[PDB]
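Below, each chain spelled out in residue letters.
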There are 2 protein chains.
Amino acid sequence: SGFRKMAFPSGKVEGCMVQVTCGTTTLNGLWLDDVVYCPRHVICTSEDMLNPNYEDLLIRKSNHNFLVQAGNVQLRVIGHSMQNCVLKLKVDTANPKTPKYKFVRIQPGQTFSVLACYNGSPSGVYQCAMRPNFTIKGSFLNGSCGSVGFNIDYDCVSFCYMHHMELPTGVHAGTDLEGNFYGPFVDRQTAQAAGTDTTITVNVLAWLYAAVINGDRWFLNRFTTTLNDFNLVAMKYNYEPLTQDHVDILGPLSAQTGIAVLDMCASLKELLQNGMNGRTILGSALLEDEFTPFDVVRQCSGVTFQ
Amino acid sequence: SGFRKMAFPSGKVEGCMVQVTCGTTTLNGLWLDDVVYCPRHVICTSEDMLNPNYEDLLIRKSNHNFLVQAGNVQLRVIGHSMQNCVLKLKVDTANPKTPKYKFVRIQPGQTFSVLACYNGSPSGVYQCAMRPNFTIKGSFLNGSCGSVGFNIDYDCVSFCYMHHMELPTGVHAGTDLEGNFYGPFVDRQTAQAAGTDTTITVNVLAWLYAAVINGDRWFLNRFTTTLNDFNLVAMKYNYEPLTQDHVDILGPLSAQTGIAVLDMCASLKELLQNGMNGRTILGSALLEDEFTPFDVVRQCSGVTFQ
Ligand SMILES: *CC(=O)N1CCN(Cc2cccc3ccccc23)CC1
Ligand SMILES: *CC(=O)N1CCN(Cc2cccc3ccccc23)CC1
């Protein structure tokens with residue numbers, strides 16, 4: 001028993017992190033096979049960031065201008081190209097520690113682990129959700145860019161995020177591993193506004209099911225409700241609307257606890273209107289939305305990986 | 001910027017986890033050099049747990065009764081001994097992935113990372129604190145015993161915890177790597193009561209300093225206070241008393257924020273008496289005590305490891 005915000009084990013990713021230096025800037029890169037991936041703003045100076053023309057700046061760089069280091073081993077760049085907002089550096093040595101991997105573009109509300117790195121070296125690991133406004137609320141300092149987010153399925157590492165920037169508001173924005181930003185952001189030093197950050201309703205329900213599995217049952221009430229009636233209340237509190245796909249995804253948790261989704265929705269409705277009255281659920285005084293239904297099943301059943 | 005409950009990277013520990021089987025029971029073991037460490041209750045049946053005589057049960061076991069597996073590689077046990085509540089299985093092959101390591105017995109209030117494992121395979125990683133009553137509030141299912149807690153300093157893994165049991169109350173108890181339980185618990189299926197679980201005051205202060213570093217300053221008030229006056233209020237709310245050693249440890253955070261410890265204590269005092277009024281600090285509606293002052297400095301300065 002117990003419930004924790006659990007990250008994936010990071011060992012398979014630790015062996016892929018390298019340090020990338022171009023001119024004076026030093027960021028993290030991700031070394032898979034014989035290619036290193038890193039944010040293209042590694043080629044910028046502090047002055048270029050206000051309005052960078054990446055194509056023009058990249059012309060002034062040659063293969064020998066990029067210094068890639070893996071601990072103390074040194075890689076020779078024999079080819080470079082820009083793909084959207086990431087640089088692909090072809091090196092001479094394939095990474096012997098390359099795991100079974102895949103590049104995936106996640107959807108808002110999905111969760112992943114971040115391996116925060118500085119100078120190519122791992123600093124720590126934590127779990128987070130992609131917010132509905134395509135930001136993440138991470139922990140990143142200068143030099144952490146190029147750190148990656150990932151999931152592990154079976155023996156395969158699915159890379160889904162590379163960190164690029166901190167917004168003036170303190171939240172974080174980045175790309176998939178093909179270099180397409182999540183959200184409308186651009187890699188330029190200019191005022192950018194994220195949208196409204198709504199609560200991931202299907203995740204909150206999954207976490208309420210986790211609470212019941214672990215013995216916190218006080219919020220379970222007599223009422224029930226309808227999907228339309230619930231969504232009308234949810235949207236007033238900036239909760240994402242619930243759809244039938246969401247109800248389908250919660251089916252196995254319903255089956256294990258004997259509590260129907262709409263009944264659970266009626267408990268949530270009352271929690272939104274009346275608050276929590278100074279009580280807690282799974283050790284929290286706020287409704288938590290960084291666990292997907294799959295995260296709950298995974299943790300409550302003990303799924304392991306390679 | 002940002003602040004997250006961050007675990008250490010787990011790769012160095014993942015390569016040390018093995019599966020240990022004796023008779024019908026299968027737990028996790030920790031393979032360092034040519035020794036495997038595991039909970040001694042691996043030699044018990046479900047019936048033995050009510051009142052086990054470990055010395056007598058261990059007599060009925062020989063070296064070939066223990067099956068240790070590392071993925072698909074198999075270790076041959078050539079010597080076994082009991083040290084307090086852990087078994088030390090001498091094997092024929094030294095672990096090639098043995099890191100620089102150390103065994104350490106931590107003090108209540110210190111934090112560490114747990115690598116939750118099942119059948120010798122990693123499932124996830126999370127950070128937790130040793131509570132003042134020597135329990136931890138983990139996430140553990142059947143088969144997770146022998147999972148270990150650890151810290152990383154420089155290039156050295158400091159093992160400080162091995163999981164042994166779940167109390168009837170849902171909290172977790174275990175030993176150091178010499179097999180001495182933390183707290184008064186015994187590895188036997190009997191009703192055991194943990195003491196009162198108090199809040200780790202010095203950690204709460206460190207986290208308030210983290211909040212100020214990250215821009216949450218609303219709780220900062222006009223008043224100040226004295227150590228004696230603060231402790232008188234803290235003990236009413238089951239907070240650990242603050243000592244001068246605690247004030248000394250917080251010195252660097254005081255220097256970086258320009259806020260004196262006693263001034264920060266006066267803010268906490270008002271938070272304890274008046275509550276939080278539906279506001280949050282670093283995304284939480286509760287005062288958080290699972291960050292040590294060192295965790296805050298580490299995260300807010302970007303310390304890396306091997
Ligand atoms: C994450 C990291 O290591 N850095 C982030 C900031 N900086 C370059 C950079 C990249 C994208 C946008 C942006 C906007 C303003 C200032 C700097 C920016 C390098 C280090
Ligand atoms: C953690 C784990 O894998 N297990 C814990 C429970 N069990 C054996 C065991 C060990 C210590 C105390 C105790 C008390 C009651 C029941 C079982 C107990 C094996 C699996």
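Residues numbered from 1 in each chain as written, not as in the entry; some residues may be left out. Chains lettered and ligands numbered in written order. Heavy atoms only, no water.

Method of determination for the deposited model, per the PDB record: X-ray crystallography, at 1.90 Å resolution.

Caption draft 1: Highlighting the site of ligand 2. Residues and elements named next belong to chain B. Near ligand 2, the surroundings consist of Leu-27, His-41, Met-49, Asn-142, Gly-143, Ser-144, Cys-145, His-163, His-164, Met-165 and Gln-189. Within the backbone of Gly-143, one N or O atom sits 2.8 Å away from an oxygen atom of ligand 2. Within the backbone of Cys-145, a nitrogen or oxygen atom sits 3.0 Å from an oxygen atom of ligand 2. Taken by itself ligand 2 offers 450 Å² of open surface, and the protein chains cover 78% of this. (Near = heavy atom within 4 Å. Polar contact = N/O pair within 3.5 Å; in protein donor to acceptor, adjacent residues only side chain to side chain. Areas by Shrake-Rupley, 256 points an atom, 1.4 Å probe, with all protein chains shown as cover.)

Caption draft 2: Examining the pattern of salt bridges more closely. Applying the stated criterion across every chain, the model contains 20 salt bridges over all chains. Measuring nitrogen to oxygen at the nearest pair gives 3.1 Å for the salt bridge that ties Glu288(B) to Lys5(B). Of this pair, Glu288(B) sits in the loop between helix 7 (261-274) and helix 8 (293-301) while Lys5(B) sits in the segment before helix 1 (11-14); the two residues are 283 residues apart in sequence, bridging distant segments of the chain. The exposure class of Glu288(B) is buried, given its relative accessible area of 19%. You can call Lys5(B) partly exposed: its relative accessible area is 32%. Taking the shortest distance from any N to any O, the salt bridge between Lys269(B) and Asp229(B) comes out at 2.8 Å. Taken together, the residues span a long stretch of sequence, with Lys269(B) in helix 7 and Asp229(B) in helix 4 (residues 227-236) at a distance of 40 residues. Residue class for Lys269(B) comes out buried when judged on its relative accessible area of 18%. According to the relative accessible area criterion, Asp229(B) is partly exposed, its value standing at 35%. Salt bridges linked by common partners bring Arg4(A), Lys5(B), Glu288(B) and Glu290(B) together as one network. (Salt bridge = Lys/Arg side-chain N within 4 Å of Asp/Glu carboxyl O. Helix = DSSP H or I, 4+ residues; strand = E, 2+ residues; numbered from the N terminus. Buried < 20%, exposed > 50% of the residue type's maximum accessible area, 1.4 Å probe, protein only.)

Caption draft 3: Layout of the state of the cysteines. Following the criterion strictly, the structure yields zero disulfides over all chains and no others. Residue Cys38(B) stays outside any disulfide, its sulfur separated by 8.4 Å from that of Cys22(B), the closest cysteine. (Disulfide = S-S within 2.5 Å.)

Caption draft 4: Local environment of the sheet that holds strand 1 (residues 17-22) of chain B. All names here are of chain B. Pairing is antiparallel across the open sheet formed by seven strands, whose spatial order is 5-4-1-2-3-7-6. Bordering the open sheet on either side are strand 5 (73-75) and strand 6 (77-83), each of which pairs with just one other strand. Across this sheet, the average inter-strand angle for adjacent strands is 30°, counted without regard to direction. Direction of pairing for strand 6 relative to strand 7 (residues 86-91): antiparallel, over a ladder of six bridges. Across the sheet, residue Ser-81 finds its bridge partner in strand 7, namely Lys-88. (Pairing = 2+ DSSP bridges. Axes fitted to C-alpha atoms, helices over the stretch in contact; angles between N-to-C directions.)

Caption draft 5: Molecular detail of the relation of the copies chain B and chain A. Note on the identical chains: chain B maps onto chain A by a rotation of 180° and an axial translation of 0.0 Å, with an RMSD of 0.0 Å. Accordingly, the operation relating the two chain copies is best matched by a two-fold axis. Distance from the rotation axis, computed per C-alpha, reaches its smallest value in chain B at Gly11(B): 1.7 Å. Mapped onto chain A, 100% of the interface residues of chain B again fall at the interface, so both copies present the same surface. (Least-squares fit on C-alpha atoms. Contact = heavy atoms within 4.5 Å.)

Caption draft 6: How the structure looks around the interface of chain B and chain A. Taken together, the 44 residues of chain B in the interface contact 44 residues of chain A. Of the roughly 3,100 Å² buried at the junction of chain B and chain A (both faces included), carbon and sulfur atoms supply 51%. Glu290(B) is the salt-bridge partner of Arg4(A), the closest N and O atoms lying 2.8 Å from each other. Our enumeration of links across chain B and chain A arrives at 27 residue pairs in polar contact. Listing elements by their share of the side of chain B that touches chain A, those giving two or more residues are helix 1, strand 9 (111-118), strand 10 (121-129) and helix 8 of chain B. (Buried area = accessible area lost by both parts, 1.4 Å probe.)

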